[PDB]
């Protein structure tokens, strides 16, 4: 008799409800992504898989607007890629500076502390962005080798201006790493033209692919920092010298490394195809249009924006101050139960303070906005008020 019996809970079929996902992520899957969902497996090193990897690389290069050959997929999620960037770029004792204007800069600082960097932070109140003058003051004070800046701050609903920051860093012999997990595909970014040295994003926000994989690109200046290291990075399986060879970024010959997530790659390939077919300008315009419609409905319902400066409101994820007198969990639950729409509360410094509404890629439509606006109106008239 075996110690542990077959779990009764697994004896029933798997079913998932049909919902409209308008939170900060994951987003709903695009039809072409859904169609790729039941493709068969092939060997991860076979010629057809190497071709899919090359197409993905080309797609990443297009969406990032980079020619960097060290552009690839990291086999992990949400912000994970963040560890790949920091483990490779930072050595013990290196001066590291973060734009801590929300949960993401704080998390980067935590990761850098774990690997022994000398971590410095420009701390700003949630809802705020960094000016060039503020960044210059941090660079001059801390003399960092790397600056971490968040483009789309999903915890606070802030979009950071990017023009000029990379060249400012280069004047201080500092590299610029940008997080565009919540912004890529929805907000203009020109990695090379803006002087961004390292950038990462994820599959499950604007790209409408399943969560679990991430996108990263390092320029040759960043690669030079990695090759100048005294020691190997702490992780073998995110070591960019190994990943570069796996992904064919150093010419013809590969190296055996890990088993890549083949079905996730199929989905990402389709997601990138969709963006390439629509074109970035049209993608950027659709997000601006969807968000403008949402902001009009929010103002009409009497909801207030967490971000006071309209010019720094992130198009893709909007932070709404919880309405006075209501329990925000009642609002979220009402929308879920009566309309089958997912929205969220806050994150990090905005926990208990806001609602977050995401309009991401395939989901950034005025029709979806109309649906969540109706749900919120009904929640406001029925949820208990004090």
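Numbering follows the first chain given and starts at 1.
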Check: Where do the C-alpha atoms have the higher mean temperature factor in this entry, in 107 to 115 or in 162 to 170?
Finding: 162 to 170
Check: Per the entry, where is the mean C-alpha temperature factor higher: 222 to 230 or 72 to 80?
Finding: 72 to 80
Note to self: Between 276, 246, 191, 292, which one tops the list for Cα B-factor in this entry?
What the structure shows: 246
Margin query: Highest recorded C-alpha temperature factor, please, choosing from 308, 120, 297, 287.
Written below: 308
Next item on the list: Name the third of the chain's ranked CA B-factors that contains residue 331, choosing lowest, middle or highest.
Entry: highest
Notebook entry, point to check: With respect to C-alpha B-factor, does residue 356 fall in the lowest, middle or highest third of the chain as deposited?
Noted result: middle
Item checked: Assigned third (lowest, middle, highest) for the C-alpha B factor of residue 179 -> lowest
Notebook entry, point to check: What third of its chain's C-alpha B-factors does residue 137 belong to: lowest, middle or highest?
Noted result: highest
Check: Once the chain's modelled residues are ordered by C-alpha B factor and cut into thirds, is residue 325 in the lowest, middle or highest one?
Finding: highest
